[PDB]
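Here's target_14.cif, which has mmCIF, C-alpha atoms:
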data_data
loop_
_atom_site.label_atom_id
_atom_site.label_comp_id
_atom_site.auth_asym_id
_atom_site.auth_seq_id
_atom_site.Cartn_x
_atom_site.Cartn_y
_atom_site.Cartn_z
CA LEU W 3 25.18 7.24 29.24
CA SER W 4 22.75 8.38 26.52
CA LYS W 5 22.49 6.88 23.08
CA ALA W 6 20.80 7.92 19.86
CA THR W 7 17.86 5.95 18.45
CA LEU W 8 17.92 5.20 14.73
CA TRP W 9 15.24 3.67 12.50
CA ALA W 10 14.00 3.54 8.91
CA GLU W 11 10.56 4.41 7.48
CA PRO W 12 8.65 2.63 6.02
CA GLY W 13 11.03 -0.20 6.99
CA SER W 14 14.64 -1.41 6.66
CA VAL W 15 14.12 -3.64 3.53
CA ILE W 16 13.70 -1.43 0.42
CA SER W 17 13.31 -2.22 -3.31
CA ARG W 18 15.99 -0.65 -5.49
CA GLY W 19 14.86 2.78 -6.76
CA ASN W 20 12.23 3.08 -3.97
CA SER W 21 12.38 5.74 -1.21
CA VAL W 22 13.32 5.38 2.42
CA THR W 23 13.77 7.82 5.31
CA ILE W 24 16.35 7.24 8.06
CA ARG W 25 15.48 9.01 11.26
CA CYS W 26 17.60 9.60 14.33
CA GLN W 27 16.35 10.73 17.72
CA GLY W 28 18.58 12.47 20.33
CA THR W 29 17.69 15.15 22.86
CA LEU W 30 16.67 18.78 22.83
CA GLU W 31 20.30 19.66 23.68
CA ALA W 32 21.66 17.98 20.50
CA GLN W 33 23.67 20.34 18.21
CA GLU W 34 24.69 17.97 15.44
CA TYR W 35 23.72 14.50 14.18
CA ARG W 36 26.05 12.17 12.34
CA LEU W 37 25.45 8.92 10.42
CA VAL W 38 28.32 6.57 10.13
CA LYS W 39 28.19 3.60 7.77
CA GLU W 40 30.13 0.36 8.29
CA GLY W 41 33.04 0.19 5.84
CA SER W 42 33.02 3.96 5.26
CA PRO W 43 35.79 5.63 7.27
CA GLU W 44 34.45 9.14 6.96
CA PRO W 45 30.96 10.17 8.19
CA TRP W 46 28.17 9.08 5.80
CA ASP W 47 26.10 12.21 6.52
CA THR W 48 25.81 15.11 8.99
CA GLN W 49 23.00 17.47 10.04
CA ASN W 50 22.84 20.49 12.29
CA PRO W 51 19.04 20.63 12.72
CA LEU W 52 16.91 23.62 13.77
CA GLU W 53 13.74 24.14 15.84
CA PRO W 54 13.25 21.04 17.90
CA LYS W 55 16.77 19.64 17.90
CA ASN W 56 15.82 16.13 19.19
CA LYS W 57 15.36 14.69 15.67
CA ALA W 58 17.28 14.40 12.43
CA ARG W 59 15.99 13.16 9.04
CA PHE W 60 18.30 11.52 6.47
CA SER W 61 16.39 11.01 3.25
CA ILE W 62 17.11 8.49 0.48
CA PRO W 63 14.89 9.38 -2.55
CA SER W 64 16.05 6.33 -4.53
CA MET W 65 17.61 3.28 -2.89
CA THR W 66 20.81 2.06 -4.56
CA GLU W 67 23.35 -0.72 -3.94
CA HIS W 68 25.61 1.85 -2.31
CA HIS W 69 23.02 2.75 0.38
CA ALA W 70 22.79 -0.87 1.55
CA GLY W 71 24.68 -1.61 4.80
CA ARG W 72 24.83 -1.00 8.52
CA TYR W 73 24.54 2.46 10.07
CA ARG W 74 24.94 4.13 13.46
CA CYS W 75 23.78 7.54 14.50
CA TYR W 76 25.53 9.82 17.01
CA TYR W 77 24.54 13.24 18.23
CA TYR W 78 26.82 15.88 19.68
CA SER W 79 25.83 18.09 22.60
CA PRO W 80 27.57 20.05 25.38
CA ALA W 81 28.13 16.65 27.01
CA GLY W 82 30.22 15.62 23.93
CA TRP W 83 29.32 12.68 21.65
CA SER W 84 26.39 10.42 22.42
CA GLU W 85 26.86 6.70 22.69
CA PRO W 86 26.18 5.30 19.19
CA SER W 87 22.73 4.05 18.37
CA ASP W 88 22.11 0.36 17.92
CA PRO W 89 23.13 -0.40 14.31
CA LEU W 90 20.40 -0.10 11.68
CA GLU W 91 20.77 -2.70 8.98
CA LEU W 92 19.45 -1.24 5.76
CA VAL W 93 18.85 -3.74 2.97
CA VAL W 94 18.23 -3.12 -0.77
CA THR W 95 16.36 -5.79 -2.82
CA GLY W 96 16.08 -6.43 -6.57
CA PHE W 97 19.75 -7.06 -7.44
CA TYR W 98 19.58 -10.75 -8.39
CA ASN W 99 16.94 -13.00 -10.04
CA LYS W 100 14.13 -14.01 -7.65
CA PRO W 101 14.44 -17.46 -6.11
CA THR W 102 11.52 -19.92 -6.06
CA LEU W 103 9.71 -20.62 -2.83
CA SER W 104 7.54 -23.69 -2.26
CA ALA W 105 6.39 -26.36 0.23
CA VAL W 117 5.53 -27.26 7.10
CA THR W 118 8.98 -27.14 5.45
CA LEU W 119 9.60 -24.31 3.00
CA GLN W 120 12.22 -24.51 0.28
CA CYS W 121 13.89 -21.39 -1.02
CA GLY W 122 16.07 -22.32 -3.97
CA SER W 123 17.83 -21.18 -7.11
CA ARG W 124 20.13 -22.17 -9.94
CA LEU W 125 21.69 -18.70 -9.58
CA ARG W 126 24.36 -18.74 -6.88
CA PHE W 127 23.60 -17.49 -3.33
CA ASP W 128 25.45 -17.79 0.00
CA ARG W 129 22.43 -16.99 2.16
CA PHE W 130 18.65 -17.31 1.96
CA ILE W 131 16.27 -15.02 3.82
CA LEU W 132 12.65 -15.97 4.42
CA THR W 133 10.35 -13.04 5.20
CA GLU W 134 6.78 -12.61 6.51
CA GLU W 135 4.65 -9.92 4.70
CA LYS W 139 6.48 -9.10 9.99
CA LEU W 140 9.57 -11.21 10.79
CA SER W 141 12.54 -12.83 9.03
CA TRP W 142 14.72 -15.97 9.07
CA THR W 143 18.26 -16.22 7.68
CA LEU W 144 20.03 -19.45 6.72
CA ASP W 145 23.29 -20.34 4.97
CA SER W 146 22.61 -21.84 1.56
CA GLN W 147 23.61 -25.32 0.46
CA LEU W 148 24.27 -26.54 -3.04
CA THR W 149 22.83 -29.92 -3.87
CA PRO W 150 24.92 -32.34 -6.02
CA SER W 151 22.52 -31.48 -8.91
CA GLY W 152 23.48 -27.79 -8.59
CA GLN W 153 20.64 -26.08 -6.75
CA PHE W 154 21.40 -23.53 -4.08
CA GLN W 155 18.79 -23.97 -1.37
CA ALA W 156 17.80 -23.57 2.26
CA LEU W 157 15.07 -25.41 4.18
CA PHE W 158 12.90 -23.37 6.56
CA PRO W 159 10.57 -25.00 9.13
CA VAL W 160 7.56 -22.76 9.77
CA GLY W 161 5.88 -23.93 13.02
CA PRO W 162 2.15 -23.49 13.58
CA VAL W 163 0.19 -23.57 10.31
CA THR W 164 -3.40 -22.69 11.21
CA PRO W 165 -6.39 -20.81 9.74
CA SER W 166 -5.89 -18.44 12.71
CA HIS W 167 -2.25 -17.71 11.76
CA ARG W 168 -1.77 -17.71 7.97
CA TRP W 169 1.59 -16.79 6.48
CA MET W 170 2.30 -14.40 3.64
CA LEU W 171 5.87 -15.32 2.71
CA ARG W 172 8.51 -14.32 0.22
CA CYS W 173 12.17 -15.26 0.12
CA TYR W 174 15.38 -13.70 -1.03
CA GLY W 175 18.96 -14.70 -1.85
CA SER W 176 22.12 -12.80 -0.89
CA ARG W 177 25.90 -13.03 -1.51
CA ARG W 178 28.52 -13.22 1.22
CA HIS W 179 30.50 -10.14 0.13
CA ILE W 180 27.47 -7.82 0.40
CA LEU W 181 25.01 -9.16 3.01
CA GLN W 182 22.57 -6.23 2.79
CA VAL W 183 22.06 -6.61 -0.98
CA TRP W 184 19.23 -9.04 -1.73
CA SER W 185 17.59 -10.52 -4.84
CA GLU W 186 14.16 -9.67 -6.16
CA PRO W 187 11.68 -11.33 -3.84
CA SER W 188 10.21 -14.70 -4.74
CA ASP W 189 6.49 -14.80 -5.54
CA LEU W 190 4.25 -14.58 -2.46
CA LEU W 191 3.50 -18.00 -0.92
CA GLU W 192 0.40 -18.30 1.30
CA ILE W 193 0.24 -21.23 3.78
CA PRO W 194 -2.06 -23.24 4.48
CA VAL W 195 -4.23 -22.76 1.32
#

As structure tokens:
Amino acid sequence: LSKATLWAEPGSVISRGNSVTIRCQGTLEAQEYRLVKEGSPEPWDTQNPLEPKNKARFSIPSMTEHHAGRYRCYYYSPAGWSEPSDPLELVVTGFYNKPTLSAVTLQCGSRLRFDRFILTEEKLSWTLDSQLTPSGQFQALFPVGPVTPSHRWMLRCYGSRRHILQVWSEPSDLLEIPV
């Protein structure tokens, strides 16, 4: 069975008020494309595209809290509905105060409450549940691995809250390891 392919440009982690483009790829026989968003019962968006019908473009001029989430794309053709695409997890950042990130074990922490911390390479990511210390810091501890002049890290970290997992804080300041 055939499935749509769904991705975001320039990427799936977007600062609030910045632009992002969601693209879906089907086949030349596709008649309609539909985005469905987790938690939204009715279709998020629909397009009946012209010309080459194997692509759809779903544009977000300015990323808000309400765009953040998990999406699937389907296309319709004479064969009926495609299998859904793999889910695209679209994250918005800038909605809480930036945590601090320091030192190899890295510590992402904040006084401001968070349920999760996400460590990101400026390209990969690492998610951990937070922990509050008896002195009232929310933190997570991230091991890094090989620190070497050949592989230097450009890292920032974010906090999130359990009720909206795709809504992240402002990023921490960039931390470069080793020196």

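Taking CA of residue 64 (chain W) and CA of residue 33 (chain W) as the two end points, the separation is 27.8 Å.
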
Point to revise | the PyMOL selection byres ((chain W and resi 70-75) around 10) applied to the shown file, residues as a ChimeraX atom specification | key: /W:5-9,14-16,18,24-28,35-42,45-48,58,65-69,76-77,84-95,180-184

Review point. Out of W:157, W:32, W:195, W:10, which residue has the shortest atom-to-atom distance to residue 170 (chain W) when counting all atoms listed in the file?
Key: W:195

Exercise for review: Could you check which of W:145, W:128, W:134, W:31 is closest to residue 185 (chain W), using all atoms listed in the file?
Suggested key: W:128

**Study point:** Residue with smallest distance to residue 100 (chain W) - pool W:141, W:166, W:188, W:50, counting all atoms listed in the file
**Key:**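 Result for the nearest residue to residue 100 (chain W): W:188.
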
Review point. With all atoms listed in the file as the atoms that count, which of W:148, W:22, W:81, W:30 lies nearest to residue 57 (chain W)?
Key: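 Ranking W:148, W:22, W:81, W:30 by distance to residue 57 (chain W), first place goes to W:30.
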
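Take CA of residue 52 (chain W) and CA of residue 13 (chain W): the distance between them is 25.5 Å.
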
Review point. Distance CA of residue 19 (chain W)-CA of residue 34 (chain W), one decimal place?
Key: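 One can read the CA of residue 19 (chain W) to CA of residue 34 (chain W) distance as 28.6 Å.
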
Review point. If the PyMOL selection byres ((chain W and resi 172-176) around 6) is run on the structure shown, which residues does it catch, given as a ChimeraX atom specification?
Key: /W:127,129-133,171,177,184-185,187-188,190

**Study point:** Residues matched by the PyMOL selection byres ((chain W and resi 169) around 9) as a PyMOL selection string
**Key:** chain W and resi 134-135+163+167-168+170-171+191-194

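Near residue 151 (chain W), within 12 Å and counting all atoms listed in the file, sit residues 123, 124, 147, 148, 154 and 155 of chain W; same-chain residues fewer than 3 positions away were not included.
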
Save the residues we just selected, C-alpha atoms, as a PDB file, in the frame of the given file?
ATOM      1  CA  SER W 123      17.830 -21.180  -7.110  1.00  0.00           C
ATOM      2  CA  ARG W 124      20.130 -22.170  -9.940  1.00  0.00           C
ATOM      3  CA  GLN W 147      23.610 -25.320   0.460  1.00  0.00           C
ATOM      4  CA  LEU W 148      24.270 -26.540  -3.040  1.00  0.00           C
ATOM      5  CA  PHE W 154      21.400 -23.530  -4.080  1.00  0.00           C
ATOM      6  CA  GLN W 155      18.790 -23.970  -1.370  1.00  0.00           C
TER       7      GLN W 155
END

Residues within 6 Å of residue 23 (chain W), all atoms listed in the file, excluding chain neighbours under 2 positions, as a PDB file with C-alpha atoms, in the coordinates of the input:
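Done, and the output landed in result_0.pdb:
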ATOM      1  CA  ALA W  10      14.000   3.540   8.910  1.00  0.00           C
ATOM      2  CA  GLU W  11      10.560   4.410   7.480  1.00  0.00           C
ATOM      3  CA  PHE W  60      18.300  11.520   6.470  1.00  0.00           C
ATOM      4  CA  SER W  61      16.390  11.010   3.250  1.00  0.00           C
ATOM      5  CA  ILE W  62      17.110   8.490   0.480  1.00  0.00           C
TER       6      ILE W  62
END

Review point. Around (9.4, -22.3, 11.4) in the file's frame, which residues reach within 10 Å when counting only C-alpha atoms? Return as a PyMOL selection string?
Key: chain W and resi 117-119+132+142+157-163
